Amino acid sequence: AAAXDXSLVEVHXXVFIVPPXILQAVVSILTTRXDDXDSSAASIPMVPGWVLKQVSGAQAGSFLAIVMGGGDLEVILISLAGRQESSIXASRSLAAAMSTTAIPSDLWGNXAXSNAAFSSXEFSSXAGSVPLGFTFXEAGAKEXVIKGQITXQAXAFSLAXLXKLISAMXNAXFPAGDXXXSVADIXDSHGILXXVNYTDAXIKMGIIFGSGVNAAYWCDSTXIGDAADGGXXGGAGXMXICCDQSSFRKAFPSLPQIXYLXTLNXXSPXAXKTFXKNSXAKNXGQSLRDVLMXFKXXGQXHXXXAXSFXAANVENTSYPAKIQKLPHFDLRXXXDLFXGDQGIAXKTXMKXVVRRXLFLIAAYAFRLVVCXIXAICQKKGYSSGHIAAXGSXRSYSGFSXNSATXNXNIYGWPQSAXXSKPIXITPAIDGXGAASXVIXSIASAXXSXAXXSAXXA
Ligand SMILES: Cc1ccccc1C(=O)N[C@@H]1[C@@H](O)[C@H](O)[C@@H](CO)O[C@@H]1O
């Protein structure tokens, strides 16, 4: 707007501007950290998915899948057939009071009757008995696919006595009632690599850009450190990994962690998942709020104005999103927002700063966010491929285009349009649902023809 203001704006341009050189530096220690975690030790979990097989698109049949979080349980029935799939679903809301039940039988009892309900709805007969895939985004501890132990409750549950294998926990309540078999317990990122690969052979990774961020890809058993248990395993071929890289650089030798980012760390149930904190859009409204508050204090904006704004995480992700989507010019939509929302009255020169700031903040989450994608392709040597992306942040103003060209940056591609880029980020197929059904079909057979599903016991 005015000189004093433009100055302050260019310095925020210095703070949130992240050049390829930085991105290249980050990507480089990312390769290494990746390696680190596949080795006998390392800070990125890099937990094997136990998906030992590619997948054809020629796999057929009826498969069950569920995923539940706080709120709902999605039960999906999916119909598989020579590279296409038909899903049908239903959701059930967690009985208020579940999450904090004293009795564990309650949770499983819940998923078993919902299951009973869906089948009775869906079949009303049926003879064979169908495999089920449980996507349990919560805590590793898969020894095998058919496994799964709660490491720690996320999503805000707290149910006494579980850090057990959640699997035996649920089937039990099945027999009791009757009809299906839990053949695989998995992660949402795995699911999207898999289901997405069944429909598109060119898929090289499965990534989520939502509240949390993570990715999955296929490594190969001989390039791992798990090599000490196997036998029936092709002796060097096809192992899916759940990176759980939202923790990269908790050591901090290389993310361009600004003062705003330190603060966000601190105020968080502290000091972890720093790659997530620096590229998760879940925190982008709070990063926006901090600079804003910082300029108020230095008396450059919101002169006079009252603050109900100085409330940690008052601004969610939808605030910069909306400010970025502001179509016209005098940024009429932001003024509306700040106003009665916060009851602030800003002039258009401020709105200009608020917008330019949302701008920086979005683009850098989008840029940093692909550093672990290009790290995989490099480490695994994928010169071309498709990255199947899922997450809420992909229905965030210009995120798709941003990471895309961030990638063109890191690599150096001189290409006009995205569609022409060697590695393209495309939308995934359903990770949580179908991906979990496609992994059961894979699983089940391995069991069937008993080929082996985990580390030698
Ligand atoms: C915080 C924590 C600690 C270690 C291992 C798992 C977690 C986690 O929830 N991480 C989840 C991850 O499992 C999931 O794939 C993504 C995308 O949905 O969201 C977070 O990153």
Side-chain angles (χ1 to χ4, degrees), residues 30 33-34 36-37 42-51 65-72 74 99 133-142 147-158 162-163 166 184-196 205-217 240-250 255 264-265 268-284 317 365 368-373 376 387-396 399 403 425 427-436 439:
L30 207 346
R33 258 334 274 81
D36 215 288
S43 164
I44 297 167
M46 306 284 278
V47 351
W50 287 116
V51 191
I66 64 169
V67 89
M68 98 305 195
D72 266 298
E74 185 201 3
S99 239
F134 196 165
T135 108
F136 198 67
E138 247 110 4
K142 347 84 123 121
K147 84 358 168 85
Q149 7 252 7
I150 222 320
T151 280
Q153 319 253 205
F157 285 77
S158 161
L162 254 128
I166 255 40
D185 178 290
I186 49 142
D188 62 336
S189 269
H190 300 143
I192 117 166
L193 171 68
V196 165
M205 217 179 151
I207 353 147
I208 307 269
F209 302 121
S211 308
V213 334
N214 195 19
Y217 76 115
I241 295 282
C242 173
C243 293
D244 232 300
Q245 19 118 299
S246 359
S247 74
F248 162 72
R249 224 227 20 154
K250 287 171 130 142
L255 288 182
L264 289 241
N265 196 6
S268 78
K273 321 294 320 307
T274 136
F275 185 46
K277 298 209 197 160
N278 254 66
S279 56
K282 174 286 177 354
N283 293 84
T317 305
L368 285 174
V369 103
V370 299
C371 279
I373 266 164
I376 298 202
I387 306 326
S392 359
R394 313 181 60 258
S395 97
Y396 174 91
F399 183 96
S403 41
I425 304 147
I429 322 256
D430 190 11
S436 108
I439 281 145

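In each ligand, atom 1 is the first atom listed, and ligand 1 is the first ligand listed. We number each residue from 1, following the sequence as shown. All values below come from the heavy atoms of this structure, side chains included, with hydrogens, waters and symmetry mates left out.
- No donor-acceptor pair closer than 3.5 Å links the side chain of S392 to the backbone N or O of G210.
- Short contacts between ligand 1 and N214, defined as distances under 4.0 Å to a heavy atom of the residue, involve ligand atoms 12 (C), 15 (O), 16 (C).
- Using the six-membered ring where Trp is involved, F275 and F248 have ring planes that are perpendicular, over 60° apart on the 30 and 60° scheme.
- Annotation for ligand 1: atoms under 4.0 Å from non-hydrogen atoms of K273 are 1 (C).
- In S246, the part holding a heavy atom less than 4.0 Å from any atom of ligand 1 is the side chain.
- Heavy atoms of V213 found under 4.0 angstrom from ligand 1 belong exclusively to the backbone.
- No side-chain donor-acceptor contact under 3.5 Å links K277 and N283.
- Within the 4.0 Å heavy-atom shell around ligand 1 one does not find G210.
- Looking at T317, its side chain does come within 3.5 Å of a backbone N or O of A281 through a donor-acceptor pair.
- Listed by number with element, the atoms of ligand 1 under 4.0 angstrom from any heavy atom of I208 are 17 (C).
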Open item on the list: Test side chain to side chain contact (heavy atoms under 4.5 Å, CB included) on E74 and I66; report intermediate values, then the result.
Closed with: CA-CA 5 Å; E74 185 201 3; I66 64 169; over 6 Å; no
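- For ligand 1, the atoms sitting less than 4.0 Å from at least one non-hydrogen atom of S189 are 15 (O), numbered in the order shown with element in parentheses.
- Note: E138 CD to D188 CG = 10.5 Å, rounded to the nearest 0.5 Å.
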